[PDB]
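In order, the protein sequence lines correspond to chains A, B, C and D. Each residue of the first sequence is one higher than the last, beginning at 5 in this note's numbering. Each residue of the second sequence is one higher than the last, beginning at 47 in this note's numbering. Each residue of the third sequence is one higher than the last, beginning at 18 in this note's numbering. Each residue of the fourth sequence is one higher than the last, beginning at 2 in this note's numbering. All C-beta atoms in this analysis are idealised placements derived from N, C-alpha and C, irrespective of residue type, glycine included. Below: one structure, written as structure tokens.
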Amino acid sequence: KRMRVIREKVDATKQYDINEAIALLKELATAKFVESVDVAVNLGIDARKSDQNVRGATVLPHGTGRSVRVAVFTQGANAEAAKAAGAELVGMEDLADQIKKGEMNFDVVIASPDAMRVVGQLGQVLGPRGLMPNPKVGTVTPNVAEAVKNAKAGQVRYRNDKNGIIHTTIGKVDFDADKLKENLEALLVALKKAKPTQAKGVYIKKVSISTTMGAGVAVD
Amino acid sequence: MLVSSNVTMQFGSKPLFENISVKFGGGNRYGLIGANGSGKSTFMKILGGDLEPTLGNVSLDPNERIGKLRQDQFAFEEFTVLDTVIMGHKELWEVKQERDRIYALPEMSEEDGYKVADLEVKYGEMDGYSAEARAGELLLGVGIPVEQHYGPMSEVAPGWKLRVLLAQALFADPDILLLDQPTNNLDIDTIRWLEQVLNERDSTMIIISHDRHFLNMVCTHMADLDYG
Amino acid sequence: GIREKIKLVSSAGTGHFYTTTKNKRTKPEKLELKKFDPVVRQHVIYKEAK
Amino acid sequence: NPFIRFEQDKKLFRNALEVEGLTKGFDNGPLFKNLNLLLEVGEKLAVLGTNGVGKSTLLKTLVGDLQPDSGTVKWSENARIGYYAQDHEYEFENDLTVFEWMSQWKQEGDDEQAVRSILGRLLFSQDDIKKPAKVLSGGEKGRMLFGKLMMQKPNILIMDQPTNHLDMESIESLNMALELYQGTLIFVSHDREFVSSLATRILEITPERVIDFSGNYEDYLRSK
RNA sequence: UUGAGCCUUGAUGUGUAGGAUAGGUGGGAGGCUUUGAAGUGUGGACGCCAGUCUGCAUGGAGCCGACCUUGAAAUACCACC
Ligand SMILES: Nc1ncnc2c1ncn2[C@@H]1O[C@H](COP(=O)(O)OP(=O)(O)OP(=O)(O)O)[C@@H](O)[C@H]1O
Ligand SMILES: Nc1ncnc2c1ncn2[C@@H]1O[C@H](COP(=O)(O)OP(=O)(O)OP(=O)(O)O)[C@@H](O)[C@H]1O
Ligand code: NA
Ligand code: NA
């Protein structure tokens, strides 16, 4: 059906325009869903080399569309600040080992040096799917209030595959085509600024914006 | 391709091998021969980079994970059967041993918070979530069943100690330098299992065995190290 | 002839070296001597490296 | 070719081993049960099997550092046993020179010769008789063990796996030394044309049936 | 006829613990099924020989996903390779 009609309706060989593609993605509208669309950029890097990995984040003016349980698992000043800053819980070891198994999961996890219990409380399951606090990502910092403020402001994080293609949360289809621009360009600018100095050759070749249920198109 | 550039080593008061230089690279298997007491294992250590020569340079490959087998099949007797294989990969084993200083140190500092935050991330990059998942399956593939995975290495017959020490080198392995692989002499069934394993997979290898028939059936070159 | 030539490179950071001779086959062992280093104008330690 | 020659301190006559029942076990059902056999001052009886059968632990029980669950082994009252272990790391330790290690043996010998001479008969010089014992490599350590056996001069050589790290030029030197040796020995080497070279009383060992003494072991492999 | 490089398409891929031959990257829980199904009979090829797999009419429109032993989550799909 859709997989056999959209294939002939939209051609991925021709490189579309930003304005045409943002409209076409919303124009597909085959199945009914929240339609949380995303992107995929083919970075020119050697992910084989450890230093050319690009794990980072950027604060977006549209966030992700949903709030998570961004709590600071470090008892003390950071946890006290986060509790009033609007986390999902407080920082304690009752939910790290005795509750780390019973409790299913949260959205995010920040850390502080006051009680670095979360460094082992997650163990293998808590951060096995990407829940550990990145020291370079800023999650594990003393400023629990600042971390909670950034999490409320909507700092979206991105990583790399084993070949160097970045895909990450960018926003829902409920945000208009005009609003898509200050998300796409903001993410691209942040990635360009944070690009490693050891990036030989052309480091951006192909941007493809895709739907959760639909396909993807070559934007530029 | 790893290259030796005028390598000399002087043990005692007379040079062992004088100003050697040769190129290793490709899907070939440079088995090397030499009388005991004359280079061989020392040259293998130089190539691996564990020991530096008195003159010359290793001219190492950039990050191609030299995977090695040692001469001693009894040097591992306290680390368990499932511990040796996971310790084969350096950057994983070192990070694991350092991260093991969390549950054993009841005091954490501000810098230590950053360090525990980033070492777990490095562990995730190095696949610590599957570090023990990728080891038991290889250990079963070589022919070591489950019942002795967590048992100590001491309670293993040496013909299987070698079977596990070989698997210790099988973690994303180009450029495997195998020291004396026989000794603790394999039956011959284990020897043919070895030869099929070695000559089926494609990589650059350096054998040092003394078995003429095994070397005939395996290797294509002979990097003899005899006179100087 | 039999005594080879060696240079004691200074350990004060500057590029300076005294050159002497050493019997190179009794045992490999670098020479450590405290010799004057004119560039820094002090008596520093001199480790050998040819 | 390292010139190695095994002498005999005192010649025993009647018979040496005379073992009745061992039944040694570690974790599973005993690797063997009876193994009743005699020696009669013979030669070898090249114990052999597959990897993990328990030939090394059988030799351990015979040499007495491990005792069976219940049984008797006993040796002749004049029996002097030289032992070459499968793994020898408890020996090359305590940071001695080659000279000191080789001199810690010997019965009544001058410090300068008959101990610095047995070293030179097997590929060692003045520049090597001062390097530490714990640094030699493989075949050199095995050769040092051979030298200690040559100086101890034992009647019965247990010699677990002698051909491990040898040169393929020391292998036949040891072969000739063993076939010219006039004492009693056992050995569990897995080599084909070593057992085929000199074995007479070959004893195979299996989890169920322990065969013994077909002959040259060529007739053994022919009957099998 | 046999190599090497590229484009496109189609096949292609377990454990230790299983209802199951799970590549990650995590986006998500509701799509997928009738531009004819659930399952039935017909076999190609591959096959850590258990199974995937696709030409095929008829039979006519249920299945899947979630929970779940688990290091991981499931051809609920898609993009990136
Ligand atoms: N650290 C050392 N210091 C001094 N001499 C050494 C050292 N290591 C080894 N030797 C000696 O120098 C030579 C180098 O030994 P090496 O380990 O290279 O032997 P090898 O040829 O690999 O032997 P084998 O065939 O038995 O494995 C040997 O003769 C040894 O006795
Ligand atoms: N200390 C021990 N504890 C438990 N099991 C042991 C112990 N020592 C040996 N075994 C077991 O006994 C069997 C034989 O051990 P042994 O060391 O005698 O081997 P082998 O047959 O001589 O083989 P190889 O010399 O080639 O290693 C093996 O199954 C081994 O796991
Ligand atoms: Na060696
Ligand atoms: Na043995």
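Have a look at the DSSP bridge pairing and note the partners of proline 133(D).
-> Its beta-bridge partners are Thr98(D).
Buried or exposed (CB count within 10 angstroms, at least 16 for buried), residue 2(A) = Outside the shown range of chain A (5 to 224) lies residue 2(A), about which nothing can therefore be said.
Which term fits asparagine 95(D), buried or exposed, when burial requires 16 or more other beta carbons within 10 angstroms of its beta carbon?
-> Classification for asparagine 95(D): exposed.
By Cβ distance, which residues of its chain are closer than 8 angstroms to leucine 49(D), with the 5 residues on each side in sequence left out?
-> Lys56, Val189, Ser190, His191, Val196, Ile203, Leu204, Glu205, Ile206, listed in sequence order.
Interface flag, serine 59(B) vs chain C, CB-CB below 9 angstroms | By this cut-off, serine 59(B) is an interface position.
What is the rounded straight-line gap between the Cα of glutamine 117(B) and the Cα of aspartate 168(D)?
-> Taken atom to atom, the span from the alpha-carbon of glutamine 117(B) to that of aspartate 168(D) is near 14 angstroms.
Report whether the distance from the Cβ of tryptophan 206(B) to the nearest heavy atom of ligand 2 is below 8 angstroms.
-> Because some heavy atom of ligand 2 lies under 8 angstroms away, the Cβ of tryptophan 206(B) counts as near it: yes.
For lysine 132(D) versus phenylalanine 89(B), is the C-beta spacing smaller than 9 angstroms?
-> Contact flag unset, no.
Anything in the stretch 102-120 of chain B with a Cβ closer than 8 angstroms to a Cβ of chain A? List those residues in chain order, please.
-> Of all residues in the stretch 102-120 of chain B, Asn109 have a Cβ within less than 8 angstroms of some Cβ in chain A.
If you follow the beta strand (DSSP E) that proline 204(B) is part of, which residue opens it and which one closes it?
-> In the DSSP assignment, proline 204(B) falls outside any beta strand (DSSP E) and lies within the alpha helix (DSSP H) extending over 204-213.
Reduced DSSP category for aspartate 235(B) - H, G, I as helix; E, B as strand; rest coil = DSSP places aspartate 235(B) in helix when its eight states are reduced to three.
Taking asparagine 138(A) and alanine 163(B) to be in contact with their CB atoms under 8 angstroms, please state how far apart those CB atoms are, rounded to whole angstroms.
-> Between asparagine 138(A) and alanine 163(B) a beta carbon distance of about 6 angstroms is seen, short of the 8 angstroms cut, so the two are scored as contacting.
Can you tell me whether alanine 157(A) is buried or exposed, with buried defined as 16 or more other CB within 10 angstroms of its CB?
-> By the neighbour-count rule (16 or more Cβ atoms within 10 Å), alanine 157(A) is not buried but exposed.
First and last residue of the alpha helix (DSSP H) that includes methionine 90(B)?
-> Residues 87-94.
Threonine 36(C) and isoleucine 23(C): beta carbons closer than 9 angstroms?
-> Judged by their CB atoms, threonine 36(C) and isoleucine 23(C) are nearer to each other than the 9 angstroms cut-off.
Of all the options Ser84(B), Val53(B), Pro61(B), which has the alpha carbon lying nearest to the alpha carbon of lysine 69(B)?
-> Selected option, being the one with the closest Cα: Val53(B).
Mapping DSSP to helix, strand and coil, what is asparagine 74(B)?
-> Of the three classes helix, strand and coil, the one that applies to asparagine 74(B) here is coil, per DSSP.
Chain D residues whose Cβ lies nearer than 8 angstroms to that of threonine 236(B) = Against chain D, a Cβ distance below 8 angstroms from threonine 236(B) picks out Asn52.
Mind pulling the chain B residues with CB within less than 8 angstroms of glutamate 141(D)?
-> Within 8 angstroms Cβ-Cβ: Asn82, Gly83.
Label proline 117(A) either buried or exposed according to how many other C-beta atoms from any shown protein chain fall within 10 Å of its C-beta, with 16 as the threshold for buried.
-> Residue environment: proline 117(A) is assigned as buried (16 or more neighbouring CB atoms within 10 Å of its CB, all protein chains considered).
What does DSSP give as the partner residues of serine 212(A) in its beta bridges?
-> Note: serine 212(A) sits in a beta bridge opposite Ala44(A), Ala222(A).
Any chance the CB of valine 189(D) is under 8 angstroms from a heavy atom of ligand 4?
-> Yes, Cβ of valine 189(D) sits closer than 8 angstroms to a heavy atom of ligand 4.
For the stretch 41-57 of chain C, which residues have a beta carbon sitting closer than 7 angstroms to at least one beta carbon of chain B?
-> From the stretch 41-57 of chain C, only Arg42, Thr43, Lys44, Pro45 have a Cβ closer than 7 angstroms to chain B.
CB contact below 9 angstroms: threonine 126(B) versus chain D | Cβ-Cβ to chain D under 9 angstroms: no for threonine 126(B).
Is it buried or exposed for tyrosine 160(B), if we count other Cβ within 10 angstroms and need 16 for buried?
-> Counting Cβ neighbours within 10 Å, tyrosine 160(B) comes out buried, since at least 16 surround it.
Bridge-paired residues (DSSP) for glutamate 65(C) = Answer is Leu25(C).
Assign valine 160(A) to one of two classes, buried (16 or more other C-beta atoms within 10 Å of its C-beta) or exposed (fewer than that).
-> Buried, because 16 or more other Cβ atoms sit within 10 Å of the Cβ of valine 160(A).
Within the 9 angstroms Cβ cut-off, does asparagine 165(D) reach chain B?
-> So, interface residue.
Run through DSSP, which three-state label would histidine 33(C) get?
-> DSSP places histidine 33(C) in the coil class of the three-state scheme, outside both helix and strand.
Please indicate yes or no: does the CB of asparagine 165(D) lie closer than 8 angstroms to some heavy atom of ligand 4?
-> Flag unset: Cβ of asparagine 165(D) not near ligand 4.
Go through the residues and name those whose CB comes closer than 6 angstroms to any heavy atom of ligand 3, in chain order.
-> For ligand 3, residues qualifying as neighbours are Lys86(B), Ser87(B), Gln117(B), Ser138(D), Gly139(D), where qualification means a beta carbon closer than 6 angstroms to at least one of its heavy atoms (chain order).
Can you find a heavy atom of ligand 4 that lies under 8 angstroms from the Cβ of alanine 178(D)?
-> Short note on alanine 178(D): C-beta not closer than 8 angstroms to any heavy atom of ligand 4.
So which residues of chain B does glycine 131(A) contact, with C-beta pairs closer than 8 angstroms?
-> Within 8 angstroms Cβ-Cβ: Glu166, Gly170.
Contact list for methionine 96(A) against chain B, beta-carbon separation under 9 angstroms = Those do not exist, as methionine 96(A) stays about 15 angstroms from chain B at its closest Cβ, beyond 9 angstroms.
With a threshold of 8 angstroms, establish whether the CB of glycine 58(B) neighbours any heavy atom of ligand 1.
-> Set against 8 angstroms, the gap from the CB of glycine 58(B) to the closest heavy atom of ligand 1 is smaller.
Identify whether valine 188(B) lies in helix, strand or coil by the three-state DSSP scheme.
-> In the structure shown, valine 188(B) sits in a helix (DSSP, three-state: H, G or I).
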